[PDB]
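Enquirer: Attaching a single structure in structure tokens format; questions to follow.
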Ligand SMILES: Nc1ncnc2c1ncn2[C@@H]1O[C@H](COP(=O)(O)OP(=O)(O)OP(=O)(O)O)[C@@H](O)[C@H]1O
Ligand SMILES: Nc1ncnc2c1ncn2[C@@H]1O[C@H](COP(=O)(O)OP(=O)(O)OP(=O)(O)O)[C@@H](O)[C@H]1O
Ligand SMILES: [Mg+2]
Ligand SMILES: [Mg+2]
């Protein structure tokens, strides 16, 4: 304070998870990939773990780049 | 029965806790201070427990 | 080694007691609501704004350890708990003193800075740390049971209007115990200190204690009442000690009025409980001589003494300088007797056949106590007969009870 | 009244400011004897609480093998115990003597600091610390008396060089005696105001105590504390309380009080030298004093405060009527002639009552008639209670 | 000190001129000496109690180096309002008293 004056003076309902996806056992029953995606899983996505995805189209495969260990 | 046993074992430790003095209040003071007289040990100015 | 030299002059505490402390604001004059009082008050306000801004700035950049709540919180840590109550025996130095615990053991301890050094006198109750016994405070001594007994807490309901016939007697007592306090300017412009002491003497029941009751009713000073027979003690020296302590309490509660009622009873009555005989009473008398007018400077302490036997008092006790005024209380005359009867029957419900003129000559040596006793007993006769109206027969039977038998 | 509204606004702001100032400044409370926070050296106190250890007061009793290099000291720790200890390394061996109080630690009880001798707090308070407001100019009619009193109790301390050169031993005691109101304590109060040495006021009734041997003990500590000073004055007001003559009435009549007088007599002139103490005794009953106390070497000078003469009474009238708003032509010589044998206290009352007759009459100036009425009221009307007639026989 | 005492409260420009003239001629190091503190006092005494007659003088004091300039202007400004009671003037002095330096910088 200055001197005294003297007398004079909107959380989203969803989230996209990349691959790999850190997914809870509880997220399993609520996680499902978008319908329009080119890939479709073999077993239901609520099972979890490693799932192999079927390929509807035959375009260029946009894979993920492996990360070197620390 | 479990509470009776549990209280019995804890009593042995409790009974080893030092006893409390017996004093007489002369007057109350500010900041929860009380002037007391311990029976053989004269006067003291003591705190007051929060309870 | 060399003895420590104190920097404080003397070994006694500061005489001033119970001041405004840091709130001793100046007496701005005049009290009238005008410009310069506003101007004077503004200057007081201005410096406070300066004071407020300066203090805030220092504490703002003061270390977290050094804060007003932190230092006070620290002070408890240095004091610790419990705080042992001791007795100050001697002040060796400014920060050093000898104190004695309740067990009778003395310790040479250090007086901490936060203790009020001006309150320290030998014999005072001090607060000591439980572990290191260092002086960490001074316990304000509670009011002694002896202090409470002398002090008249509630002013008596008897006023000057309830006194009849003692016009001159009332007037003389006012100039020595009432006028100096209410109107001190009259004395100052005249260049005289007020009459020092006063004694009220006369036959029993003449109104000596009543005038003191009227004095205590309309006084702004502390009133201490002591009967002369209370100064006769069971042990040697306690008689002089009680007189010394009685006038010490008067000095603390200045201004004060000390009423030594029935002063002659100290000598006219001999009790076996008083170990020393007439010799111990004489020592008590000599102590009272010192208090009334002695070496010690006396504050605003006014002394009133009452006695029905003034011939038995030591003349040195009532000498001028000690007791300046000797007000005589004569037996009431016809005019006063009628006034006393009207005073004590004002709240009564008298009958049409009761005349006060006949009751005036109930006895030749009639006093105010006899008149009040006649009325009080007369009402008691009506209370026995379940009546609110006091008849002449009730008063007639009253005289034969109090005055006779 | 146009500023009544503005007064209270700045008064309330001021009162809020002191309450606000006291919040940060502190100093609230004092019942535990707390000094204002401006005097709190908490940094030093924490060091003091650690560096300076507490010391128990003990009295040395006997020094064992003082000649050798291992001197053992026997100490009496009040009510605690008795210990055979050695001196600390920070205190000289010659600084502790037998029978003196010492400070000892709580671990090995080694003597750490010599201490002053124990003195009763009541005796300590008996010394005067505020000098009275009475000077020798306030005493009238006592010219010759005052010079005799000063030349024994004031001159030797002020100018000691004029006595040692001629080999003069000045008297060390003065007895002031006279009827009440003659000015015995007034002159003593003048002595204390002017004196620069220590002045101790003792009242004879203060030496009367409940237990046996106290009055003698208090006298012993009184002179013991007086001897700890280069020059001292002890005033014994109303010495006749304890100074009465010894007698044997079969029973133990005044035996304890006589011992108090005997101890006082021993200190004044006994085997040991008294010191540089000059005692001053005042009494209105000198006929009752013990012959040994009324003897030179204990009471060398006997200054009599007799009733003032006409010149003296006129002087006292001027002293007390100095600040009065008296008339121009007040005949004070006449007033002194109207009270032949009257004490100075009566003259003061005459002056006070003279202004009382004028204050009663709502007059700001006291006429000569008021003094005439004052003499009648004081000297004549109050002559029944006068202490002069009985006390001139005693003096 | 002397010429300030002879011409105290007179605002004599002749004594004023030299007191400035000696002050800024002196080197920064010798201004550390405490006998140089008497030069502003002589200037202050020469304007003792005048009040609003120092701004021209205070203008000349800005040229003088620090911390003596802090010392110099404070001394003359105080002497200008001596015996005036101006609460506004004592407002700035405590503002100097508010900022505490961890001696050489706090000489003023
Ligand atoms: N002059 C009087 N006017 C009115 N009431 C009086 C008067 N004198 C005495 N009394 C009454 O008498 C009562 C008792 O008398 P009081 O206690 O005053 O006696 P005293 O004169 O002090 O005598 P003592 O103490 O010697 O007996 C008082 O309470 C009062 O009501
Ligand atoms: N010589 C005097 N000159 C001026 N005033 C005097 C003189 N003598 C006495 N007085 C006044 O009379 C008062 C009487 O008190 P003082 O102490 O002098 O009495 P005292 O002689 O000690 O009496 P007591 O024998 O009763 O103790 C003094 O306070 C003082 O005001
Ligand atoms: Mg009574
Ligand atoms: Mg006396």
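Here Cβ is always computed from backbone atoms with ideal geometry, including for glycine, and neighbour counts include all displayed protein chains. Every read-out reported here was derived from the displayed coordinates using simple, explicitly stated rules and does not represent laboratory data.
Enquirer: Please state which one of C:198, C:215 is away from chain D (no Cβ under 14 Å), within 16 Å of ligand 1 (Cβ to nearest atom) and under 17 Å from the mean Cα position of the chain (by Cα).
Expert: C:215
Rundown of residues vs (1) within 14 Å of chain A (Cβ to nearest Cβ); (2) under 25 Å from residue C:136 (Cβ atoms), yes/no style:
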residue	(1), (2)
C:28	no, no
C:32	no, no
C:52	yes, no
C:57	yes, no
C:76	no, yes
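Enquirer: Scan the range C:202-218 residue by residue and report those that are crowded, with 20+ Cβ neighbours inside 10 Å and away from ligand 3 (no atom under 11 Å from the Cβ).
Expert: Within the range C:202-218, C:214, C:215, C:216 qualify.
Enquirer: Specify the residue that is farthest from ligand 1 (Cβ to nearest atom); the eligible residues are those in the range C:277-297 that are assigned to a loop (DSSP other than H, G, I, E, B) and in contact with a helix residue (DSSP H, G or I) (Cβ under 8 Å, 6 or more places away or on another chain).
Expert: Of everything passing the filter in the range C:277-297, C:295 is farthest from ligand 1 (Cβ to nearest atom).
Enquirer: Here's a follow-up. Restricting to the range C:321-363, name every residue that is within 13 Å of ligand 1 (Cβ to nearest atom) and closer than 30 Å to residue C:301 by Cβ.
Expert: Of everything in the range C:321-363, those that are within 13 Å of ligand 1 (Cβ to nearest atom) and closer than 30 Å to residue C:301 by Cβ turn out to be C:327, C:328, C:329, C:330.
Enquirer: Residues of the range D:356-367 being crowded, with 17+ Cβ neighbours inside 10 Å and assigned to a helix (DSSP H, G or I), which ones?
Expert: D:356, D:357, D:358, D:359
Enquirer: May I ask you to verify whether residue D:256 is under 27 Å from residue D:202 (Cα atoms), in a helix (DSSP H, G or I) and either within 11 Å of another protein chain (Cβ to nearest Cβ) or within 16 Å of ligand 4 (Cβ to nearest atom) (or both)?
Expert: Here the answer is yes, as residue D:256 does meet what is asked.
Enquirer: OK, next. Residue by residue through the range C:245-265, note down the ones that are away from ligand 3 (no atom under 16 Å from the Cβ) and within 14 Å of chain D (Cβ to nearest Cβ).
Expert: C:245, C:246, C:247, C:248, C:251
Enquirer: Select, from D:249, D:240, the only residue that is under 27 Å from residue C:238 (Cβ atoms) and in contact with a strand residue (DSSP E or B) (Cβ under 9 Å, 6 or more places away or on another chain).
Expert: The conditions single out D:240.
Enquirer: Pull up the range D:265-291, narrow it to residues that are within 16 Å of ligand 4 (Cβ to nearest atom) and more than 18 Å from the chain's Cα centre (by Cα), then point me to the one that is surrounded by the fewest Cβ atoms within 10 Å (Cβ to Cβ).
Expert: Only one residue fits best here, namely D:288.
Enquirer: Which residues, taken from the range B:20-47, are within 8 Å of another protein chain (Cβ to nearest Cβ) and either in contact with a strand residue (DSSP E or B) (Cβ under 7 Å, 6 or more places away or on another chain) or in a strand (DSSP E or B) (or both)?
Expert: Correct list: B:26, B:27, B:29, B:33, B:35, B:42, B:43, B:44, B:45, B:46.
Enquirer: Moving on to the next point. Looking at the range D:204-224, is at least one residue more than 16 Å from ligand 1 (Cβ to nearest atom), under 29 Å from residue D:390 (Cβ atoms) and not in a helix (DSSP H, G or I)?
Expert: yes
Here is a yes/no grid of residues against (1) within 13 Å of ligand 4 (Cβ to nearest atom); (2) surrounded by fewer than 17 Cβ atoms within 10 Å (Cβ to Cβ); (3) within 12 Å of chain C (Cβ to nearest Cβ):
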| residue | (1), (2), (3) |
| --- | --- |
| D:181 | yes, no, yes |
| D:200 | no, no, yes |
| D:211 | no, yes, yes |
| D:225 | no, no, yes |
| D:228 | no, yes, yes |
| D:252 | no, yes, yes |
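Enquirer: Next up: Pick from E:75, E:41, E:48, E:58: which is out of contact with any strand residue (DSSP E or B) (no Cβ under 8 Å at 6 or more places or on another chain), surrounded by 11 or more Cβ atoms within 10 Å (Cβ to Cβ) and not in a helix (DSSP H, G or I)?
Expert: None of the other options fit; the residue is E:48.
Enquirer: Being more than 9 Å from every other protein chain (Cβ to nearest Cβ) and within 16 Å of ligand 2 (Cβ to nearest atom) narrows it down to one of C:292, C:242, so name that one.
Expert: C:292
Enquirer: Shifting gears a bit: Would you confirm, using the coordinates I've provided, whether residue C:322 is more than 18 Å from residue C:206 (Cα to Cα), part of a loop (DSSP other than H, G, I, E, B), within 14 Å of chain D (Cβ to nearest Cβ) and touching a strand residue (DSSP E or B) at 6+ places or on another chain (Cβ under 9 Å)?
Expert: yes
Enquirer: From the residues in the range D:292-317 that are exposed (fewer than 15 other Cβ atoms within 10 Å of the Cβ) and in a helix (DSSP H, G or I), which one is nearest to ligand 3 (Cβ to nearest atom)?
Expert: By that ranking, first place goes to D:310.
Enquirer: Which of the residues that make up the range D:1-21 are facing chain C (nearest Cβ under 7 Å) and assigned to a helix (DSSP H, G or I)?
Expert: Passing the criteria: D:4, D:6, D:7, D:10, D:11, D:13, D:14, D:17, D:18, D:20, D:21.
Enquirer: Now for a different question. Keeping to the range D:88-143, report how many residues are more than 19 Å from the chain's Cα centre (by Cα), in a loop (DSSP other than H, G, I, E, B) and closer than 29 Å to residue D:219 by Cα.
Expert: 9
Enquirer: Of the residues C:311, C:328, C:334, which single one is surrounded by fewer than 20 Cβ atoms within 10 Å (Cβ to Cβ), more than 17 Å from residue C:243 (Cα to Cα), within 14 Å of chain D (Cβ to nearest Cβ) and away from ligand 3 (no atom under 16 Å from the Cβ)?
Expert: Checking each option against the conditions leaves just C:311.
Enquirer: Is it true that residue D:328 is within 10 Å of another protein chain (Cβ to nearest Cβ) and surrounded by fewer than 17 Cβ atoms within 10 Å (Cβ to Cβ)?
Expert: Considered against the rule, which asks whether it is within 10 Å of another protein chain (Cβ to nearest Cβ) and surrounded by fewer than 17 Cβ atoms within 10 Å (Cβ to Cβ), residue D:328 comes out as no.
Enquirer: Of all helices (runs of 4 or more DSSP H) completely enclosed by the range C:198-269, which ones contain at least 2 residues that are farther than 22 Å from residue C:176 by Cβ and away from ligand 4 (no atom under 16 Å from the Cβ)?
Expert: Here the list reads C:238-252, C:265-268.
Enquirer: Residue C:301 is checked against (1) within 16 Å of ligand 2 (Cβ to nearest atom); (2) away from chain D (no Cβ under 12 Å); (3) surrounded by fewer than 16 Cβ atoms within 10 Å (Cβ to Cβ) and fails just one. What number does that condition carry?
Expert: Here residue C:301 clears every test but (3).
Enquirer: Could you identify the single residue in C:185, C:189 that is within 9 Å of chain D (Cβ to nearest Cβ), in a helix (DSSP H, G or I), out of contact with any strand residue (DSSP E or B) (no Cβ under 6 Å at 6 or more places or on another chain) and more than 16 Å from ligand 2 (Cβ to nearest atom)?
Expert: Among C:185, C:189, only C:189 is within 9 Å of chain D (Cβ to nearest Cβ), in a helix (DSSP H, G or I), out of contact with any strand residue (DSSP E or B) (no Cβ under 6 Å at 6 or more places or on another chain) and more than 16 Å from ligand 2 (Cβ to nearest atom).
Enquirer: Go through C:374, C:304, C:343 for me and flag whichever is assigned to a strand (DSSP E or B) and either out of contact with any strand residue (DSSP E or B) (no Cβ under 6 Å at 6 or more places or on another chain) or within 16 Å of ligand 3 (Cβ to nearest atom) (or both).
Expert: C:304
Enquirer: Related question: Test residue D:168 against the criterion of being in a strand (DSSP E or B), on the phi < 0 side of the Ramachandran plot and away from ligand 4 (no atom under 13 Å from the Cβ), and give yes or no.
Expert: Judged against the criteria, residue D:168 is not a match.
Enquirer: Does the range D:378-387 hold any residues that are assigned to a helix (DSSP H, G or I) and buried (at least 19 other Cβ atoms within 10 Å of the Cβ), and which are they?
Expert: D:378, D:379, D:382
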